[PDB]
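**Student:** can you look at this? It's an experimental structure, sequence on top.
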Amino acid sequence: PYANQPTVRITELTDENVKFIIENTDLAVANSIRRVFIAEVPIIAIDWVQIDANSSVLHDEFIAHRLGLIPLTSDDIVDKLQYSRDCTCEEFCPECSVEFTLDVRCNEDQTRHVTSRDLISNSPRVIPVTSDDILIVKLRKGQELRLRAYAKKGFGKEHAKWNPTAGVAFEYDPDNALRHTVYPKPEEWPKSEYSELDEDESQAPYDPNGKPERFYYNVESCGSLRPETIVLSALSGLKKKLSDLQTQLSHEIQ
Amino acid sequence: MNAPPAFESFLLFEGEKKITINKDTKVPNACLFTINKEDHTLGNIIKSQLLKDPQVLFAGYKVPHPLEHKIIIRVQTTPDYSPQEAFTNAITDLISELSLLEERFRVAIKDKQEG
Amino acid sequence: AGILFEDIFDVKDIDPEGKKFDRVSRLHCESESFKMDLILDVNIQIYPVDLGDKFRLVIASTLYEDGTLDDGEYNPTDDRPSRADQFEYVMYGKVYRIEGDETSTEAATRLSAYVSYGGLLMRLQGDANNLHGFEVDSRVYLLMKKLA
Amino acid sequence: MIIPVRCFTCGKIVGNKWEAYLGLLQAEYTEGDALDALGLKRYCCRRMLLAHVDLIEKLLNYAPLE
Ligand SMILES: [Zn+2]
Ligand SMILES: [Zn+2]
């Protein structure tokens, strides 16, 4: 009638992705954890682009949309930052945003590459993660792009710019022991990387008493957060959501 | 044009209750929890944890419409145990589970980094 | 008791017309004592049975072995001693047809009772004396246990 | 028009690889080898660099209206 005792085993940990395994857990908790990786980990991404001068070939909304998609280093600052909608200011103070300034004038004849290197932050902790650098726009001789933009805290549910994951691989039952999927010709299907069968079987023998468990994860970060930070913030956020729901439920019952 | 704002899928507007309880008159000891501005994230996990309880005779959830943001969770229980008690116990179990998972994930990170 | 019928059967064919459902097989079985012919759709995936097996079969009105009616509703929390504990495979269905060799002049000597356990169909043919407990649109429990 | 910033499907950063991709192609790499060198394993990410048409280089031929 109570919680499982989930066990973690990290198989790989690089600076761009983390691969791990969770045993002793139901399918719903693992799926919600993957869902929270994708759509509920807050990061800092550019929003509120104000363009002072844009004589480039790409129109203004194009440049703003490209700026929004640039990932920003938000490893340790995002937790103490506040949502701008909740802050008490003109919506941009240092406690709820990070200012960015771009001012590029192409004077030489050669094609000028406006990259993420040209984004100057007012806070050193928050920079573009590439600082090759992400190309924003190419400028001709005589063209200019000059703007100031901010970066607010948000999560992937609101807009995909705030999604920190570059693809979250999730798997369970690599040998199809539970037969949650029914191969018409199981011999034709390649073995998963976590499969434990020999090269004469195609599926594990069917287990009627089986239950989903030993969920394999591979969380690849776009760069704005370290992958371990993504997972820790994900679990913290889901716990926070459940605690807030418990608070509201208690208030409703009383 | 008619596109809804992106923020109104997790934000409660003024005078909107996060969660509302209504007794189901069709069956004794059955309740419906309508939680606004939520999705399958809480619905599926709460449903699974409620199914783990032995005293819960029924536990299910549905989103009435994907474009809208509500989850209706129906919980029926044995006569000696209320649905509200089961719901609270399920959420506390999930919170304990995720706290333990956080601690063990931190320990695993420290071992992998040291190793 | 509430046991409409009881016997020991042996499987004489597993899937006679070729496999048509990857999880369900239509066992054809004979009874050594009552000499009933049995056709019965069994979910082989969870309860695998192969050819030549033997099993006690019981068709019962209830499971509580006291005459208490089942109510036809799923109660996972049942403290009463269930007859199903003495069996490996348990199904719940409704008899939907009782044919026989009756004429307008004489009653039936042979009866064939058909049951539909949620779709899994069973037919039980034999002499009429042992199928007097069967009556149409009544709920029954099929309790099967393999015998060594 | 110009290389997209993210991969449309998975969201991986791709905008910081177009110039490197072209440079590898000038080094006589097969396109599969170039994409493997850039570290795009999922075919969703590979599709974007493999199928991108860079029209901004053509748009920069025209003089600006200043
Ligand atoms: Zn502020
Ligand atoms: Zn991709």
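**Tutor:** Yes, it's here. Numbering: from 1, shown residues only, chains lettered A, B, ... in the order given. Ligands and ions are numbered 1, 2, ... in the order given.

**Student:** contact residues of chain D facing ligand 2?
**Tutor:** Counting by Cβ under 5 Å from the ion, chain D comes close to ligand 2 at D:7, D:9, D:10, D:12, D:42, D:44, D:45. Just so you know, the C-beta spots here come from the backbone N, C-alpha and C atoms, and that holds for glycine as well.

**Student:** now those: which count as buried?
**Tutor:** Buried by 16 or more other Cβ atoms under 10 Å in any protein chain shown: D:7, D:10, D:12, D:45, out of those.

**Student:** can you pull the contacts of the closest residue to chain D within chain C?
**Tutor:** Closest contact between chain C and chain D, by Cβ to the nearest Cβ, is at residue C:22 (32.3 Å). When contacts are counted by Cβ atoms under 8 Å, 6 or more residues apart in numbering or on different chains, residue C:22 touches residue A:182.

**Student:** any chance of the backbone angles for it?
**Tutor:** With angles defined as degrees, to the nearest 10, residue C:22 sits at phi -70, psi -20.

**Student:** that one and residue A:182, how far apart?
**Tutor:** Residue C:22 sits 7 Å away from residue A:182, going by Cβ to Cβ, to the nearest Å.

**Student:** next one: residue C:96
**Tutor:** Distance from residue C:96 to residue A:182, by Cβ to Cβ: 30 Å.

**Student:** likewise for residue A:159?
**Tutor:** In this view, residue A:159 and residue A:182 are 38 Å apart by Cβ to Cβ.

**Student:** these two - which one has more neighbours?
**Tutor:** residue A:159 (15 against 10; other Cβ atoms under 10 Å in any protein chain shown).

**Student:** so the more buried one is in contact with residue B:6, correct?
**Tutor:** Yes. Taking contacts as Cβ atoms under 8 Å, residue A:159 lies within contact range of residue B:6: 5.8 Å.

**Student:** please name the nearest non-neighbouring residue to residue 17.
**Tutor:** Defaulting to chain A. Leaving aside its sequence neighbours, residue A:17 sits nearest to residue A:220 (Cβ to Cβ, 6 or more residues apart in numbering or on different chains; 4.0 Å).

**Student:** other chain: chain D
**Tutor:** residue D:38 (5.2 Å).

**Student:** what number of residues lie near that neighbour?
**Tutor:** Residue D:38: 19 neighbours (other Cβ under 10 Å).

**Student:** just checking, it touches residue D:23?
**Tutor:** No. Between residue D:38 and residue D:23 there is no contact under Cβ under 8 Å: 10.4 Å.

**Student:** look at residue A:53 and tell me its secondary structure.
**Tutor:** Three-state call for residue A:53 (DSSP: H, G, I helix; E, B strand; the rest coil): strand.

**Student:** mind checking how far it is from residue A:222?
**Tutor:** Counting by Cβ to Cβ, the gap from residue A:53 to residue A:222 is 30 Å.

**Student:** which one's more surrounded, these two?
**Tutor:** For residue A:53 versus residue A:222, neighbours defined as other Cβ under 10 Å are more numerous around residue A:222 (23 against 12).

**Student:** work out for me the element the nearest residue to the more buried one once chain neighbours are set aside sits within.
**Tutor:** For residue A:222, ignoring the flanking residues on the chain, the nearest one in space by Cβ to Cβ, 6+ apart is residue A:166 at 4.5 Å. Using DSSP states H and E, residue A:166 sits in strand A:165-171.

**Student:** just want the angle from the helix or strand following that strand to strand A:165-171.
**Tutor:** Moving toward the C-terminus from strand A:165-171, the next helix or strand (DSSP H and E) is strand A:215-221. Put simply, strand A:215-221 runs at 170 degrees to strand A:165-171, going by axes from the mean of the first three to the mean of the last three Cα atoms, to 10 degrees.

**Student:** mind listing residues that contact strand A:215-221?
**Tutor:** Contacts to strand A:215-221, defined as Cβ under 8 Å, 6+ apart, come from residues A:12, A:16-23, A:25, A:27, A:30, A:34, A:37, A:164-172, A:174, A:194, A:227, A:230-231, D:10, D:12.

**Student:** what's the spacing between residue A:227 and residue A:233?
**Tutor:** Distance, residue A:227 to residue A:233, using Cβ to Cβ: 11 Å.

**Student:** more neighbours, the two?
**Tutor:** Taking other Cβ under 10 Å, residue A:227 and residue A:233 do not tie; residue A:227 has more neighbours (27 against 24).

**Student:** please, where are all the helices along the stretch 1-150 of chain A?
**Tutor:** A:27-39, A:60-68 (DSSP state H, counting those that start in this stretch).

**Student:** which residue of chain C sits farthest from its center?
**Tutor:** Distance from the C-alpha centroid of chain C peaks at residue C:105, with 30.2 Å (Cα atoms, centre = their mean).

**Student:** tell me the SS of it?
**Tutor:** With three-state DSSP as the basis, residue C:105 sits in coil.

**Student:** do residue A:235 as well
**Tutor:** Residue A:235 - assigned by three-state DSSP - is helix.

**Student:** now the strand holding residue A:166 and helix A:27-39, what's the angle there?
**Tutor:** Interaxial angle, strand A:165-171 versus helix A:27-39 (the same axes, to 10 degrees): 170 degrees.

**Student:** can you tell if strand A:165-171 touches ligand 2?
**Tutor:** No. Applying Cβ under 5 Å from the ion, one finds strand A:165-171 separated from ligand 2 by no less than 6.2 Å.

**Student:** ok, that strand: who's next to it in the sheet?
**Tutor:** Applying DSSP bridges, strand A:165-171 is found paired with strand A:215-221 (antiparallel).

**Student:** now, the buried ones among the residues of chain D next to ligand 2 that are in helices?
**Tutor:** Secondary structure from DSSP state H places residue D:45 of these in helices.

**Student:** counting neighbours, what do you get for the residue of chain B found nearest ligand 2?
**Tutor:** For chain B, the residue closest to ligand 2 is residue B:6, as judged by Cβ to the ion, at 22.5 Å. Other residues near residue B:6 come to 12 when the count uses other Cβ under 10 Å.

**Student:** just to check, it is in contact with residue A:158?
**Tutor:** Yes. Here residue B:6 reaches residue A:158: they are 4.9 Å apart, a contact under Cβ under 8 Å.

**Student:** and the stretch 51-200 of chain A, which residues reach chain B?
**Tutor:** For the stretch 51-200 of chain A, the residues in contact with chain B (Cβ under 8 Å from any Cβ of the partner chain) are A:85, A:157, A:158, A:159.
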